[PDB]
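A.B. asks: Pasting a structure here, questions to come.
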DNA sequence: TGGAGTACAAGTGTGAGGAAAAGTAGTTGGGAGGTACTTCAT
DNA sequence: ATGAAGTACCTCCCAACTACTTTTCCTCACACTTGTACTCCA
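Protein chains in written order, with the entry's author numbering: chain R, 1 to 38, 121 to 324, 345 to 385, 397 to 443; chain S, 16 to 68, 170 to 215, 219 to 306, 316 to 335, 343 to 515, 531 to 555, 569 to 649, 656 to 779; chain L, 26 to 70; chain B, 117 to 287; chain Q, 104 to 388, 405 to 453, 469 to 514.
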């Protein structure tokens, strides 16, 4: 049922994906001239669209300048049988080079009729066949509130040659929820951000197989999902263990000039630091002008949080968090 | 209102963490973590039965062939009696027809009177949308889609004395445009393969499409999944495929691609929650609960959770559970390839502040996979939910209530022919072992009458002497046929070899006969180091081989004894391969085959290296 | 058995041909040569 | 794995103690209707020891011992290809104050130049200098000297003064 | 290729002599069978000879040595000792050669390691080829020890031992030259015979038709319908022996048939011993400091208070005693609804038998068609 | 009991379909300073 | 129609990542025809 961390590669899948986007290309250019009047064949295909690389889907805000009128020029049955016959007249001649089950596959998928067989379900590699066995028991026992057994599965899963970053960090909630012989859950996300710190530009031309951005890689203009999970973790872990200046230095050293969630967590570090020192044990020379810096960083990091892209802070309430904090100072 | 958004997207994935905090220093868990705390939540079924009646692919256009929702006809509007739940499913030879109250369990009405209206096309899509909660009423009309037409019915004036559901109809609008249409919604609004249209519904059933329309035709979308839903009753619709979501205001000229899902995911399912703001979307790889904007009701992209499975045939049902402080939403995704369900718990609160809890999964009955799962509204921390399933390639609809606290025809059709001539012919060979085992329950019982007899000790002495002369006849026939360079029976005797029932004393025949050959020309295999292949454990003795088998069939057989004697006897006279020749024979043969191969295969014929 | 020393983690470490000149526990490159048992002599002056 | 290089490592290697220089651009076309922002790797510039950008900054004499330094490591120098080098301080004219110099090599510059003159060294808030000499000719003419690229340009003073603000000739 | 393939064959035999205790004559029997197929490679035209070897064939000439010594091992106990990775079949190239690995071509070593399991009767067809390649007939004594196969299939499903003799009377009916269920030879074509010519396979449909006809035409009313439902659910029941948990491993490997994603219905303890089996999968199967550090944060052991020394006397019981639970479960011994319960057992006895012998549903369905329709053609 | 069409035992010619590991074709992240070129204005 | 001359923007650099064929394999189905196994019409 669950997703597998396998780079599984077979000619019969590489045929039916090569046969599909080739047919997609001809009907695309054939439609490029009909609306006007009124060398991989897939590396060419993805040069039209934008791979999101932050999200699984490139979402849009709508009540904006993304407006467009209704294209009331519809399609009907006469126009569609004539716009498909010239691809299929040129698509039938590579159909003598493929295997028969793909010529069985390509006809049915051309009229709707989605496939029912999962691509991992006929691999029979005997090593993937235990990876499918182990990940389906892993997500099951994570679901079944059974953490000592899901750890045994997960430790025996990462030791098989071939696994990937899918299972690696996401369901590393096991150490987080074991808490008896724990490796703290934060030694592992520090391990993830030490060896997967990537700064290479997202090239977007190569077909991606088995590695996918929006939850497991970390390129420029996209902080890794485990990186900002490491920062939200080691601030709550810092707070619950009352060390605040260590994370207040480790966030200081990267200037991620792109995303604002790394600036809000920076703004929240000094906010929690100014919260804690604002007790003062009166019932007084430096402890006055020490808090007044950490009020000031929160007001300069929340401002630069807002000049970046979309990260909607409740900036109104944060100013009231601090205006109460100087009253304890006064 | 928490903090960690993108604006255009808003996440809370599979148990890494939240992405937010406010740091509220108020001694009340100073955090607004999007993952609230409570204990576990298990679900146990309460099973029932409600009613009943190429293959490497599946069809996207056929969606639901049953429906069940609380309905409000025209008579219950005027009357103070209000609220009835019906069931409209498909049946027929090819599935071509269209046709109640809960006492303590949900069941079909006592009058068991289905209004089986019949059609001249297979039934594909059966649904009602229902109505809004600020209109004061519930709908009374169902729409269905078939391969010939598109029909709208209306439930009219349910009865209490007879449980009679008489209907009306709208006229079946056929294919004026020759392309198959997919999805109906009311809240005649239809979606054909590529293009959508708006219709005007009549109120007289005793004697059509409106003149405004549009399309979402992408040429490189080879699937046939189209889908339409109004968004918050404001004459704004949402039209779908497996690649993008489009928001269209047909009242203005306004159309916008909101979702675009070509690169790594695809849009699988979309169910409109009866909360007119919050609506749940099922992509692959993620579950999205995309709600509506506070200011202009267009589409807000709200708290979503990473769906761990990956498949092309996933659907979803969602049911609200209205609670005092908050609103819950469970989200059951089901698959046509297996039986496992997969859920989450969201908790909608006042200021569109809503959260996640976790996930859990439960099984089904092992014959078939869900082609339909449908919940029951129930007129409106002990998490309870009920629903009713319908499995693929079976037409029995069951009933389930989750609370907080097989002979296949393929094996049966191969047998049992209706030949009266060959009926007793099979029983005739049965009749052979009706007798012949009763022979051998007494032929061996005779040997049970002689325990350590001198007549059976004479017989082994007759046995081992009949094993002797045939042995020295057999070996000397191998001595003259030795130099061949080009076989072990111990069944040369033929009289009975089985008129001796004493298993340890048979080993005394067996052990002594092996000691008599100390020199060459014969080899013998073992029977203690080699008999462990049956009991799958260490078997040191053949008497305790028998003794753990004798203590294994104590209950099942009448007196159980002479069977256990002569199975073991039948094994040893089958494991009597004890006449392999000695060191002279294969070693002069292994050198003999080594010579016919050249120098090329000499070094390639070499053991004993590591 | 001739060995070396990693300058960082101080682990004693022999090194063969067709090896990356690195420590094998930390990944450190600067890798100083240890001294072995060998006779040198001095005037006590 | 990203590691944290210390200056004792950079002496053993006989390399520089370089820290990476980053620099984000603004490819603005048609006056800001369309912008492109690219943080570009501009090499590693060497870093002064025990400064902000050294790893020995906020660090104890106990930790300087453990990280292979002297316990009173002073810093203030760059490590460039193993050799420790430092930028020598200089003596330059005090900023923002018009000096009253006389100098014999002003009449060696042209005709009727006096030896008299006012010299100001103006610094910008990014510590970049700009020197403006104010000559006196024997005509009674007063000029204004500066150096822009490596050239040396002269202008009359009432061409500056009547370009700085709107001036009545009595003001 | 041959110097290493024989060495993988040598190491497979050297396991069975040590642990499964096949005697030191079994080593010699296989060498002639290896030398007669090594002489077969000689006789071909050596330029583009295109020799036929596969990893299915290292079981065959280990099974050809099994029936000549007339051993009670079967192909159920070859498909099990490879899928539990006991003898070097899967990844047979990963640990064995150590020098020949890199100087061998890529195509010859992917074949040489266990990339797939034999499926849909691929193992028998290689035996049927190899019995034709060398002349196993009339040089060896091809007599399959089918009597323990009936005995083991008694103990497989915990039936009364009358079934042992209800079967063997049927075998003595429908067989030309009553004895000698001979291993089939094929050297003539490339067409696998649609007869189910394999004598070890024909015992199954004999046993499938025996177990039906004694219960369907139950004239004596000896086997009651209370016992039938006390036999199906006694058999359709999950226990945690060493031998059934190894059969859980075999259900994992084969992906087409139903009851292949059966691991969802496992228990707690059936998963722990599977993970205790997993410490016999990893032993067959300069910036390595990342995995050195990740294995330090995920140690393979139980993190504290393990199950080695101070655990118990016995939790996990052997193959003899769960039978004594199944046999002591079926104590009641003293119609359109009867045959529906007959097909409960037939389905569960055959689907058990379908994974244990690596054949498709139609490979066994055809064997019913070539036995039952041959049993009445010979009767009438 | 003799005279012809279809149901199936019983033996046989064509390539096609499917794996994994070496080796390989594009976008990128990693660095050194003069040499070479073909014109054009007087 | 050249003798000189600054600029013709050439070059003069590798490696690493991640994908795509590429190398023969081995496995067989996939199915043909006349007799073998029964029932319609003289």
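Ideal Cβ positions, reconstructed from N, Cα and C, are used throughout, including at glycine.
Three or more C-beta pairs closer than 8 Å, one from the region 345–358 of chain S and one from the region 372–386 of chain S: is that the case here?
C.D. replies: The region 345–358 of chain S, when compared against the region 372–386 of chain S, does touch it at the 8 Å Cβ threshold.
A.B. asks: Which chain Q residues sit within Cβ distance under 8 Å of residue 243 of chain R?
C.D. replies: 388
A.B. asks: Would you give the residue range spanned by the beta strand (DSSP E) that residue 239 of chain Q belongs to?
C.D. replies: Judged by DSSP secondary structure, residue 239 of chain Q falls outside any beta strand (DSSP E); it is assigned neither H nor E.
A.B. asks: So that I know if they touch, is there some Cβ in chain L lying closer than 8 Å to that of residue 408 of chain Q?
C.D. replies: yes
A.B. asks: Would you mind telling me which residues of chain R sit closer than 7 Å to residue 177 of chain S, beta carbon to beta carbon, in chain order?
C.D. replies: 194
A.B. asks: Give the residues from the region 440–466 of chain S that approach chain R closer than 8 Å (Cβ to any Cβ), ordered along the chain.
C.D. replies: Listed by position, the residues of the region 440–466 of chain S near chain R (Cβ gap below 8 Å) are 441, 443, 444, 445, 446, 447 and 448.
A.B. asks: What residue range does the beta strand (DSSP E) around residue 601 of chain S cover?
C.D. replies: Following the DSSP letters along the chain, one finds residue 601 of chain S in no beta strand (DSSP E) but inside the alpha helix (DSSP H) bounded by residues 586–603.
A.B. asks: Does the distance from the C-beta atom of residue 362 of chain R to that of residue 411 of chain R stay below 8 Å?
C.D. replies: Contact: no.
A.B. asks: I need the boundaries of the beta strand (DSSP E) containing residue 264 of chain R, first residue and last residue.
C.D. replies: Premise fails: residue 264 of chain R is in no beta strand (DSSP E) and is neither H nor E.
A.B. asks: Could you tell me the distance, in whole angstroms, from the CA atom of residue 24 of chain S to the CA atom of residue 131 of chain B?
C.D. replies: 47 Å
A.B. asks: What's the call for residue 325 of chain Q, buried or exposed, on a 16-neighbour Cβ count within 10 Å?
C.D. replies: Residue 325 of chain Q is exposed by the Cβ-count criterion.
A.B. asks: Given that residue 374 of chain Q touches chain R, what residues does it touch there, using C-beta distances under 7 Å?
C.D. replies: Neighbours of residue 374 of chain Q in chain R, taken as residues at a C-beta separation under 7 Å, are given in chain order as 219 and 231.
A.B. asks: What residue ranges within the region 476–503 of chain Q form continuous alpha helix (DSSP H) runs of no fewer than 4 residues, ordered along the chain?
C.D. replies: 495–503
A.B. asks: Please classify residue 386 of chain S: is it buried, with 16 or more other beta-carbons within 10 angstroms of its beta-carbon, or exposed?
C.D. replies: exposed
A.B. asks: Does DSSP put residue 304 of chain Q in a helix, in a strand, or in coil?
C.D. replies: helix
A.B. asks: Could you check the C-alpha separation between residue 431 of chain R and residue 321 of chain R for me, to the nearest Å?
C.D. replies: 18 Å
A.B. asks: Please report the distance separating the alpha-carbon of residue 61 of chain S from that of residue 231 of chain R.
C.D. replies: 28 Å
A.B. asks: Select from S/226, S/186, S/289 and S/283 the residue whose C-alpha is nearest the C-alpha of residue 235 of chain S.
C.D. replies: Its Cα nearest to that of residue 235 of chain S, the residue S/283 stands out among S/226, S/186, S/289 and S/283.
A.B. asks: If I measure Cβ to Cβ from residue 46 of chain L and keep anything under 8 Å in the same chain, skipping five residues before and after, which residues do I get?
C.D. replies: 40, 54 and 56
A.B. asks: So which residues on chain B does residue 247 of chain R lean against when the C-beta distance must stay under 7 Å?
C.D. replies: Neighbours of residue 247 of chain R on chain B: none; closest Cβ ~16 Å, over 7 Å.
A.B. asks: So with Cβ pairs under 8 Å, would you call residue 128 of chain B a contact of chain L?
C.D. replies: yes
A.B. asks: Using a Cβ-Cβ cut-off of 8 Å, state whether residue 332 of chain R counts as contacting chain Q.
C.D. replies: Since the numbering of chain R jumps from 324 to 345, residue 332 of chain R cannot be located in this structure.
A.B. asks: Mind checking the region 215–230 of chain Q against chain R and listing, in chain order, the residues whose C-beta falls within less than 9 Å of any C-beta there?
C.D. replies: Under the 9 Å Cβ criterion, the region 215–230 of chain Q contributes 217, 218, 219, 220 and 222.
A.B. asks: Residue 132 of chain R to residue 223 of chain R, Cα distance in whole Å?
C.D. replies: Taking the straight line from one Cα to the other gives about 37 Å.
A.B. asks: Would you check if the distance between the CB atom of residue 351 of chain Q and the CB atom of residue 480 of chain Q is smaller than 8 Å?
C.D. replies: no
A.B. asks: Select from S/369, S/389 and S/209 the residue whose C-alpha is nearest the C-alpha of residue 146 of chain R.
C.D. replies: S/389
A.B. asks: For residue 477 of chain Q, count neighbouring Cβ atoms within 10 angstroms of its own Cβ and tell me buried if that reaches 16, exposed if not.
C.D. replies: buried
A.B. asks: Sorted by chain position, which residues of the same chain lie with C-beta nearer than 8 Å to residue 545 of chain S's C-beta, five sequence neighbours on each side aside?
C.D. replies: 67, 68 and 207
A.B. asks: With a threshold of 16 other CB atoms inside 10 Å of the CB of residue 293 of chain Q, please say whether the residue is buried or exposed.
C.D. replies: exposed
A.B. asks: Quick one: what's residue 140 of chain B bridged to in DSSP?
C.D. replies: B/155
A.B. asks: Whole angstroms is fine: what's the gap from residue 329 of chain S's alpha carbon to residue 419 of chain S's?
C.D. replies: 35 Å
A.B. asks: Between the region 161–176 of chain B and the region 121–141 of chain B, do three or more beta carbon pairs fall short of 8 Å?
C.D. replies: yes
A.B. asks: Any beta-carbon of chain Q closer than 8 Å to the one on residue 225 of chain R?
C.D. replies: Interface residue (Cβ-Cβ distance to chain Q less than 8 Å): residue 225 of chain R is not classified as such.
A.B. asks: Where do the N-terminal and C-terminal ends of the beta strand (DSSP E) with residue 254 of chain Q fall, by residue?
C.D. replies: Taken as a continuous stretch (DSSP letters only), residue 254 of chain Q belongs to no beta strand (DSSP E), being part of the alpha helix (DSSP H) at 249–260.
A.B. asks: Check whether the region 215–228 of chain Q and the region 405–425 of chain Q touch, using three or more Cβ-Cβ pairs below 8 Å as the test.
C.D. replies: no
A.B. asks: Run through DSSP, which three-state label would residue 384 of chain S get?
C.D. replies: strand
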